$ cat target_17.cif   # mmCIF, C-alpha atoms and all ligand atoms
data_start
#
loop_
_atom_site.label_atom_id
_atom_site.label_comp_id
_atom_site.auth_asym_id
_atom_site.auth_seq_id
_atom_site.Cartn_x
_atom_site.Cartn_y
_atom_site.Cartn_z
CA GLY A 2 3.83 -78.50 20.79
CA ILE A 3 4.27 -77.83 17.03
CA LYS A 4 7.90 -77.75 15.73
CA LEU A 5 8.98 -77.74 12.03
CA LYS A 6 11.64 -80.41 11.23
CA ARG A 7 14.47 -79.34 8.82
CA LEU A 8 14.88 -81.81 5.88
CA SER A 9 18.54 -80.70 5.39
CA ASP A 10 21.37 -78.99 7.35
CA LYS A 11 22.17 -77.22 4.01
CA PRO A 12 20.06 -74.68 2.01
CA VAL A 13 17.88 -76.02 -0.87
CA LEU A 14 18.62 -72.88 -2.91
CA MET A 15 21.51 -70.40 -2.77
CA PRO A 16 22.54 -67.27 -4.76
CA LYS A 17 24.24 -67.75 -8.12
CA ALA A 18 27.32 -65.64 -8.85
CA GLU A 19 26.99 -66.01 -12.65
CA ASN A 20 23.57 -64.30 -12.70
CA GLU A 21 23.54 -60.65 -11.60
CA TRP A 22 19.82 -60.67 -10.75
CA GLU A 23 20.34 -63.42 -8.13
CA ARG A 24 24.02 -62.80 -7.36
CA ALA A 25 23.67 -61.84 -3.69
CA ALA A 26 20.60 -63.49 -2.16
CA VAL A 27 17.67 -65.83 -2.75
CA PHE A 28 15.02 -65.93 -0.02
CA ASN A 29 11.39 -65.39 0.99
CA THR A 30 9.99 -67.70 -1.67
CA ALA A 31 6.45 -68.61 -2.66
CA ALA A 32 5.86 -72.36 -2.83
CA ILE A 33 3.18 -74.62 -4.30
CA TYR A 34 2.84 -78.32 -5.12
CA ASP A 35 1.23 -78.88 -8.53
CA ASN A 36 1.20 -81.62 -11.17
CA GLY A 37 3.66 -83.83 -9.26
CA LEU A 38 6.22 -81.04 -8.69
CA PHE A 39 7.24 -78.53 -6.03
CA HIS A 40 7.44 -75.03 -7.54
CA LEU A 41 9.25 -72.04 -6.01
CA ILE A 42 8.80 -68.41 -7.01
CA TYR A 43 11.74 -66.95 -5.10
CA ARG A 44 12.84 -63.42 -4.27
CA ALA A 45 16.37 -62.66 -5.49
CA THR A 46 18.59 -59.57 -5.20
CA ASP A 47 21.68 -58.39 -7.08
CA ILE A 48 22.98 -56.80 -3.85
CA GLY A 49 22.60 -57.66 -0.16
CA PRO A 50 18.95 -56.76 0.74
CA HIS A 51 19.59 -53.76 3.02
CA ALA A 52 20.39 -50.09 2.34
CA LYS A 53 23.80 -50.52 4.00
CA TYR A 54 24.92 -52.74 1.09
CA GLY A 55 23.38 -50.63 -1.71
CA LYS A 56 20.29 -50.02 -3.88
CA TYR A 57 19.22 -53.67 -4.11
CA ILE A 58 16.62 -54.71 -6.68
CA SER A 59 14.40 -57.73 -5.96
CA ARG A 60 13.26 -59.95 -8.84
CA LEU A 61 11.30 -63.21 -8.89
CA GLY A 62 12.91 -66.47 -10.06
CA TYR A 63 11.44 -69.93 -10.72
CA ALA A 64 12.71 -73.27 -9.39
CA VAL A 65 11.25 -76.79 -9.58
CA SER A 66 11.82 -80.08 -7.74
CA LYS A 67 10.48 -83.64 -7.68
CA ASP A 68 11.39 -84.34 -4.04
CA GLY A 69 11.16 -80.83 -2.53
CA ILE A 70 14.87 -80.76 -1.60
CA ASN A 71 16.85 -80.82 -4.86
CA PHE A 72 15.85 -77.96 -7.16
CA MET A 73 16.39 -77.02 -10.78
CA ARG A 74 16.26 -73.28 -11.53
CA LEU A 75 15.61 -71.06 -14.56
CA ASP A 76 18.39 -68.71 -15.67
CA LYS A 77 16.21 -65.58 -15.88
CA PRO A 78 13.52 -64.11 -13.56
CA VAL A 79 9.86 -64.80 -14.37
CA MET A 80 9.01 -61.30 -13.11
CA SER A 81 11.37 -58.32 -13.23
CA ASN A 82 11.18 -54.67 -12.12
CA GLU A 83 8.80 -53.22 -14.71
CA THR A 84 6.55 -50.52 -13.21
CA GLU A 85 7.20 -47.38 -11.14
CA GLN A 86 5.72 -49.17 -8.12
CA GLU A 87 8.42 -51.83 -8.67
CA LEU A 88 11.42 -49.49 -9.09
CA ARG A 89 13.30 -51.41 -6.37
CA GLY A 90 11.64 -54.68 -7.39
CA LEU A 91 9.17 -57.37 -6.27
CA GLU A 92 9.33 -58.92 -2.80
CA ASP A 93 8.02 -61.76 -0.66
CA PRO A 94 5.44 -63.41 -3.00
CA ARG A 95 2.60 -65.59 -1.70
CA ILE A 96 0.77 -67.85 -4.17
CA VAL A 97 -2.51 -69.75 -4.05
CA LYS A 98 -4.32 -71.60 -6.84
CA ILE A 99 -8.07 -71.08 -7.30
CA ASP A 100 -9.98 -72.75 -10.16
CA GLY A 101 -6.96 -73.22 -12.43
CA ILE A 102 -5.45 -69.75 -11.84
CA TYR A 103 -2.47 -68.84 -9.65
CA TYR A 104 -2.90 -65.62 -7.63
CA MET A 105 0.41 -64.10 -6.51
CA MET A 106 0.49 -61.20 -4.06
CA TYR A 107 3.87 -59.48 -3.72
CA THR A 108 5.30 -56.22 -2.38
CA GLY A 109 6.12 -53.68 -5.08
CA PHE A 110 8.88 -51.50 -3.59
CA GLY A 111 9.07 -48.08 -5.28
CA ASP A 112 10.98 -46.02 -2.68
CA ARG A 113 9.96 -42.77 -4.41
CA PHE A 114 8.71 -41.41 -1.06
CA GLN A 115 8.16 -42.55 2.54
CA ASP A 116 6.46 -45.95 2.89
CA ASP A 117 6.38 -46.41 -0.90
CA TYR A 118 5.65 -50.14 -0.86
CA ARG A 119 2.34 -51.69 -1.94
CA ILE A 120 0.69 -55.11 -2.11
CA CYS A 121 0.38 -55.95 -5.81
CA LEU A 122 -1.37 -58.84 -7.57
CA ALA A 123 -0.29 -60.95 -10.55
CA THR A 124 -1.99 -64.02 -12.05
CA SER A 125 -0.79 -66.94 -14.16
CA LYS A 126 -1.92 -70.31 -15.53
CA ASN A 127 1.60 -71.76 -15.64
CA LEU A 128 3.79 -69.90 -13.06
CA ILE A 129 6.02 -68.55 -15.87
CA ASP A 130 3.87 -65.98 -17.69
CA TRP A 131 2.59 -63.44 -15.15
CA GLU A 132 -0.06 -60.78 -15.78
CA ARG A 133 0.04 -57.75 -13.47
CA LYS A 134 -3.31 -56.73 -11.96
CA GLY A 135 -1.94 -53.66 -10.13
CA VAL A 136 -2.01 -52.49 -6.51
CA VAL A 137 -4.45 -54.39 -4.27
CA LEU A 138 -4.61 -51.89 -1.40
CA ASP A 139 -3.34 -48.35 -2.02
CA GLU A 140 -1.71 -47.95 1.40
CA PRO A 141 1.64 -48.86 3.08
CA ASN A 142 1.19 -52.62 3.42
CA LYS A 143 2.82 -56.01 2.82
CA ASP A 144 2.78 -59.64 4.02
CA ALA A 145 -0.37 -60.37 2.03
CA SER A 146 -2.05 -63.39 0.45
CA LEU A 147 -5.44 -64.65 -0.66
CA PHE A 148 -6.92 -67.62 1.14
CA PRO A 149 -6.67 -70.67 -1.20
CA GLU A 150 -10.44 -70.70 -1.69
CA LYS A 151 -13.43 -68.36 -1.44
CA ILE A 152 -15.34 -68.26 1.85
CA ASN A 153 -19.12 -67.82 1.58
CA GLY A 154 -18.73 -66.65 -2.03
CA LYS A 155 -16.08 -64.04 -1.12
CA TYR A 156 -12.36 -63.67 -1.76
CA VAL A 157 -10.50 -63.28 1.54
CA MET A 158 -7.03 -61.78 2.02
CA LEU A 159 -4.58 -61.36 4.88
CA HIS A 160 -2.49 -58.18 5.09
CA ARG A 161 -0.36 -56.29 7.62
CA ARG A 162 -1.14 -52.74 8.69
CA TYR A 163 1.95 -52.36 10.87
CA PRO A 164 2.37 -54.03 13.27
CA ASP A 165 -0.63 -56.37 13.15
CA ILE A 166 -2.03 -59.03 10.82
CA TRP A 167 -5.33 -57.90 9.26
CA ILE A 168 -8.04 -59.58 7.19
CA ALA A 169 -10.31 -58.21 4.46
CA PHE A 170 -12.96 -59.44 2.01
CA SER A 171 -13.86 -58.77 -1.63
CA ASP A 172 -16.33 -59.88 -4.32
CA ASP A 173 -14.05 -59.16 -7.27
CA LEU A 174 -10.51 -58.43 -5.93
CA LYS A 175 -11.03 -54.75 -6.88
CA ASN A 176 -12.69 -53.33 -3.75
CA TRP A 177 -12.08 -54.57 -0.21
CA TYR A 178 -14.26 -54.36 2.90
CA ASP A 179 -14.55 -55.72 6.45
CA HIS A 180 -10.98 -54.75 7.36
CA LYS A 181 -10.20 -55.97 10.89
CA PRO A 182 -7.03 -56.96 12.83
CA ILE A 183 -6.83 -60.67 13.73
CA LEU A 184 -3.36 -61.05 15.29
CA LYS A 185 -1.13 -58.66 17.25
CA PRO A 186 2.35 -58.77 18.88
CA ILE A 187 2.65 -59.82 22.53
CA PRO A 188 4.91 -57.66 24.80
CA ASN A 189 8.00 -59.15 26.49
CA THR A 190 8.04 -62.23 24.23
CA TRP A 191 9.75 -63.44 21.05
CA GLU A 192 6.84 -61.87 19.13
CA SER A 193 6.88 -58.36 20.64
CA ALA A 194 7.93 -55.99 17.84
CA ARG A 195 5.70 -57.03 14.92
CA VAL A 196 3.83 -59.93 13.32
CA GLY A 197 2.96 -60.93 9.76
CA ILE A 198 1.77 -63.98 7.82
CA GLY A 199 4.16 -66.64 6.59
CA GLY A 200 2.86 -68.47 3.52
CA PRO A 201 -0.87 -68.64 2.62
CA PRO A 202 -3.14 -70.42 5.18
CA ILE A 203 -3.87 -74.14 4.75
CA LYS A 204 -7.37 -75.60 5.19
CA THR A 205 -7.73 -78.39 7.77
CA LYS A 206 -10.76 -80.01 9.42
CA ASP A 207 -10.15 -78.08 12.66
CA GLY A 208 -9.65 -74.70 10.94
CA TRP A 209 -7.29 -72.61 8.81
CA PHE A 210 -3.70 -73.46 9.74
CA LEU A 211 -1.66 -70.26 9.39
CA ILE A 212 2.09 -69.99 9.89
CA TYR A 213 3.08 -66.46 10.90
CA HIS A 214 6.38 -64.68 11.55
CA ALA A 215 7.33 -62.28 14.33
CA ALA A 216 10.31 -60.13 15.33
CA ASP A 217 11.52 -59.60 18.91
CA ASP A 218 13.09 -56.43 20.35
CA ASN A 219 16.50 -57.46 18.95
CA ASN A 220 14.92 -57.92 15.50
CA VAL A 221 15.29 -61.72 15.50
CA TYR A 222 12.69 -63.28 13.18
CA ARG A 223 10.96 -66.55 14.11
CA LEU A 224 7.91 -68.47 12.87
CA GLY A 225 4.76 -69.33 14.86
CA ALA A 226 1.40 -71.03 14.28
CA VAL A 227 -2.27 -70.09 14.68
CA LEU A 228 -5.59 -71.78 13.88
CA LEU A 229 -8.48 -69.73 12.48
CA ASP A 230 -12.18 -70.65 12.28
CA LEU A 231 -13.23 -72.10 8.91
CA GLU A 232 -16.32 -69.96 8.30
CA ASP A 233 -15.08 -66.81 10.09
CA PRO A 234 -11.24 -66.63 9.81
CA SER A 235 -11.23 -63.46 11.95
CA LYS A 236 -11.80 -65.75 14.96
CA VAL A 237 -8.59 -67.20 16.43
CA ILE A 238 -9.30 -70.71 17.76
CA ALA A 239 -5.74 -71.30 18.99
CA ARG A 240 -2.32 -69.63 19.04
CA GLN A 241 0.81 -71.52 20.09
CA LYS A 242 2.87 -69.63 22.68
CA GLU A 243 6.24 -70.97 21.51
CA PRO A 244 7.75 -70.54 17.99
CA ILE A 245 7.67 -73.43 15.50
CA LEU A 246 11.01 -72.41 13.95
CA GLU A 247 13.98 -70.29 15.06
CA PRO A 248 17.43 -69.37 13.60
CA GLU A 249 19.74 -72.22 14.65
CA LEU A 250 21.98 -73.19 11.71
CA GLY A 251 24.87 -70.98 10.56
CA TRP A 252 23.09 -69.89 7.36
CA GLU A 253 19.99 -68.94 9.38
CA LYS A 254 21.98 -66.95 11.96
CA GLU A 255 24.60 -65.38 9.67
CA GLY A 256 24.05 -63.59 6.36
CA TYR A 257 23.02 -60.17 5.04
CA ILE A 258 20.35 -59.91 7.75
CA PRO A 259 21.39 -61.89 10.90
CA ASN A 260 19.06 -64.20 12.83
CA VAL A 261 16.17 -64.51 10.36
CA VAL A 262 13.89 -67.33 9.38
CA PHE A 263 11.07 -66.04 7.16
CA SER A 264 8.50 -67.98 5.11
CA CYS A 265 6.28 -66.93 2.20
CA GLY A 266 5.44 -70.46 1.03
CA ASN A 267 4.17 -73.81 2.30
CA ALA A 268 3.54 -76.57 -0.26
CA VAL A 269 1.54 -79.70 0.59
CA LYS A 270 2.18 -83.25 -0.65
CA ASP A 271 0.45 -86.32 0.84
CA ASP A 272 -0.51 -84.64 4.13
CA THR A 273 2.99 -83.21 4.67
CA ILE A 274 3.52 -79.45 4.71
CA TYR A 275 6.82 -78.34 3.15
CA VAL A 276 7.62 -74.93 4.65
CA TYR A 277 10.16 -73.02 2.55
CA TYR A 278 11.88 -70.15 4.34
CA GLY A 279 14.60 -67.57 3.80
CA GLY A 280 17.67 -67.84 6.03
CA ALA A 281 19.29 -64.52 7.00
CA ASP A 282 17.66 -63.03 3.87
CA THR A 283 20.42 -64.84 1.94
CA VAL A 284 19.44 -68.48 1.22
CA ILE A 285 16.37 -70.75 1.16
CA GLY A 286 15.82 -73.79 3.39
CA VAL A 287 12.95 -76.25 3.90
CA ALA A 288 11.32 -77.80 6.98
CA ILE A 289 8.30 -80.11 7.21
CA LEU A 290 5.22 -80.62 9.35
CA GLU A 291 2.87 -83.58 8.96
CA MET A 292 -0.83 -82.65 9.03
CA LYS A 293 -1.46 -85.09 11.90
CA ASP A 294 1.10 -83.23 14.06
CA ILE A 295 -0.99 -80.03 13.92
CA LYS A 296 -2.02 -80.01 17.59
CA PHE A 297 -2.73 -76.91 19.69
CA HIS A 298 -2.67 -77.05 23.51
CA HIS A 299 -5.99 -75.15 23.57
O1 LIG B 1 9.45 -53.49 1.57
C1 LIG B 1 10.59 -52.63 1.58
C2 LIG B 1 11.70 -53.18 2.45
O2 LIG B 1 11.13 -53.42 3.74
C3 LIG B 1 12.09 -53.82 4.72
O3 LIG B 1 11.51 -53.92 5.99
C4 LIG B 1 10.53 -52.93 6.40
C5 LIG B 1 11.21 -51.77 7.11
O4 LIG B 1 12.13 -51.15 6.27
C6 LIG B 1 12.68 -49.84 6.56
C7 LIG B 1 11.61 -48.75 6.55
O5 LIG B 1 10.65 -48.98 7.54
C8 LIG B 1 10.04 -47.85 8.20
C9 LIG B 1 10.62 -47.68 9.60
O6 LIG B 1 12.01 -47.66 9.50
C10 LIG B 1 12.80 -47.30 10.66
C11 LIG B 1 13.31 -45.87 10.53
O7 LIG B 1 12.22 -45.01 10.39
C12 LIG B 1 12.41 -43.58 10.27
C13 LIG B 1 11.24 -42.96 9.55
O8 LIG B 1 11.07 -43.58 8.27
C14 LIG B 1 9.97 -43.12 10.38
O9 LIG B 1 8.91 -42.38 9.78
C15 LIG B 1 10.18 -42.60 11.82
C16 LIG B 1 9.04 -42.97 12.74
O10 LIG B 1 7.96 -42.05 12.63
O11 LIG B 1 11.38 -43.18 12.39
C17 LIG B 1 12.56 -42.93 11.63
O12 LIG B 1 13.69 -43.40 12.30
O13 LIG B 1 14.20 -45.78 9.42
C18 LIG B 1 15.39 -46.59 9.57
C19 LIG B 1 16.25 -46.34 8.35
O14 LIG B 1 15.48 -46.41 7.15
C20 LIG B 1 15.00 -48.07 9.73
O15 LIG B 1 16.17 -48.83 10.01
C21 LIG B 1 13.98 -48.24 10.85
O16 LIG B 1 13.51 -49.59 10.89
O17 LIG B 1 10.19 -48.75 10.45
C22 LIG B 1 8.75 -48.85 10.57
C23 LIG B 1 8.47 -49.94 11.58
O18 LIG B 1 9.19 -49.73 12.79
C24 LIG B 1 8.15 -49.13 9.20
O19 LIG B 1 6.73 -49.23 9.31
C25 LIG B 1 8.53 -48.01 8.24
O20 LIG B 1 8.03 -48.29 6.93
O21 LIG B 1 10.99 -48.71 5.27
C26 LIG B 1 11.90 -48.34 4.21
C27 LIG B 1 11.09 -48.32 2.93
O22 LIG B 1 9.99 -47.42 3.03
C28 LIG B 1 13.09 -49.32 4.15
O23 LIG B 1 14.04 -48.82 3.22
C29 LIG B 1 13.73 -49.49 5.52
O24 LIG B 1 14.73 -50.50 5.49
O25 LIG B 1 11.83 -52.25 8.31
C30 LIG B 1 10.86 -52.74 9.26
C31 LIG B 1 11.62 -53.10 10.52
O26 LIG B 1 12.25 -51.95 11.09
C32 LIG B 1 10.09 -53.93 8.66
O27 LIG B 1 9.07 -54.32 9.57
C33 LIG B 1 9.49 -53.56 7.31
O28 LIG B 1 8.95 -54.71 6.67
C34 LIG B 1 12.69 -55.16 4.32
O29 LIG B 1 11.71 -56.20 4.41
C35 LIG B 1 13.29 -55.09 2.92
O30 LIG B 1 13.67 -56.41 2.50
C36 LIG B 1 12.32 -54.48 1.91
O31 LIG B 1 12.99 -54.19 0.69
#
$ encode --input "target_17.cif" --output "structure tokens" --more "lines below"
Ligand SMILES: OC[C@H]1O[C@@H](O[C@@H]2[C@H](O[C@@H]3[C@H](O[C@@H]4[C@H](O[C@@H]5[C@H](O[C@H]6[C@@H](O)[C@H](O)[C@@H](CO)O[C@H]6O)O[C@H](CO)[C@@H](O)[C@@H]5O)O[C@H](CO)[C@@H](O)[C@@H]4O)O[C@H](CO)[C@@H](O)[C@@H]3O)O[C@H](CO)[C@@H](O)[C@@H]2O)[C@@H](O)[C@@H](O)[C@@H]1O
Amino acid sequence: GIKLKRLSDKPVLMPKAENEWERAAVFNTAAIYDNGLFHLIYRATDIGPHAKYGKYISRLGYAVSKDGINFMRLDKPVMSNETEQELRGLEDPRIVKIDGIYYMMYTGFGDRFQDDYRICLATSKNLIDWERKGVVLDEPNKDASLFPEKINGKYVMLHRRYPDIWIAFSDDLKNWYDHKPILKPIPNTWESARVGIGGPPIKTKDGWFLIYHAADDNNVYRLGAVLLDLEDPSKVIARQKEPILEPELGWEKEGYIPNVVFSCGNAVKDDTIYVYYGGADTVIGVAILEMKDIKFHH
């Protein structure tokens, strides 16, 4: 069925030894195509992103490309660890643009107590200057994004009350209602342990195309695909049984976290989806899917 095609056998972005904030790893990047350019807001750590390596701090960098493969990168992070909720940094951003404003949801990792991580919101007009809007849901949660437009006059968000993908609605982004689970793990498969969104969903004629990730019982992360109904995105029209992307290359299989492909961003240019993904929580790669190749067996 659906399979992402890698544009390169090499990463499109790698850590940079000269800059402490991105010395160890760059991964799990937001992505958006705007004004003729691919833009990445990428997660970066000073240390390998696991407790076994040390007290890593995640910050958000900016990179830009004309072709979606060769990137230029800014020397400093566009968002750094500023609040108490962000003591251990900002993780796994997802960005959409609605009416001239970029809405970035990210995980603020505090680690002051058990499950001290929260979905936070920041907005920008330019992807460089970010204004914090605070915690979105005051509960242990992550893997969140707005839909790229309002549905029936309402903001809609995906989130992940472990281990399932959830949806919720809001008039003003301040209070949320109609919480319901939309996607769950399937036992004795590649997607048994947990699920979560990839990048933000993409609107097509047949429905909302949503890339999701899942872990198996050996903690191998892969990507999958689902189609949601346009008017009621809680309804799953189709879900592909097989993954669309798996760890295959050396920099996907080996790194700080072995056997991981993980996406927080899918940019669109001329009916081609550019899916950016972290490899082994260490580097960033890219793989494509043409709109016309979005075909579900059901
Ligand atoms: O966003 C922060 C951080 O998230 C990372 O991934 C998430 C998660 O991280 C670990 C931890 O997750 C715990 C729990 O951890 C397991 C184990 O649990 C303890 C105890 O905490 C539980 O209460 C108890 C069950 O009642 O079991 C105990 O054994 O602790 C181990 C050591 O810390 C850890 O290896 C085990 O995975 O796992 C459950 C799901 O199974 C989580 O819901 C729960 O939050 O969270 C802390 C921060 O609070 C982290 O420091 C730990 O690394 O790991 C999950 C997979 O196991 C993953 O799904 C979560 O996303 C990374 O994404 C990282 O990059 C990021 O900085």
$ atom_distance --input "target_17.cif" --atom1 "atom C7 of ligand LIG 1 (chain B)" --atom2 "CA of residue 138 in chain A"
18.3 Å
$ closest_residue --input "target_17.cif" --among "A:39, A:222, A:257, A:114" --to "residue 57 in chain A" --atoms "only C-alpha atoms"
A:257
$ residues_near_ligand --input "target_17.cif" --ligand "ligand LIG 1 (chain B)" --cutoff "7 Å" --atoms "all atoms listed in the file" --output "PyMOL selection string"
chain A and resi 50-52+92+108+110+112+115-118+163+195
$ closest_residue --input "target_17.cif" --among "A:137, A:159, A:239, A:129" --to "residue 173 in chain A" --atoms "only C-alpha atoms"
A:137
$ residues_around --input "target_17.cif" --residues "residue 18 in chain A" --least-positions-apart "6" --cutoff "12 Å" --atoms "all atoms listed in the file" --output "PyMOL selection string"
chain A and resi 24-27+45-48+76
$ closest_residue --input "target_17.cif" --among "A:271, A:225, A:238, A:246" --to "residue 37 in chain A" --atoms "all atoms listed in the file"
A:271
$ closest_residue --input "target_17.cif" --among "A:281, A:97, A:147, A:229" --to "residue 120 in chain A" --atoms "all atoms listed in the file"
A:147
$ closest_residue --input "target_17.cif" --among "A:292, A:215, A:128, A:152" --to "residue 186 in chain A" --atoms "all atoms listed in the file"
A:215
$ atom_distance --input "target_17.cif" --atom1 "CA of residue 74 in chain A" --atom2 "CA of residue 127 in chain A"
15.3 Å
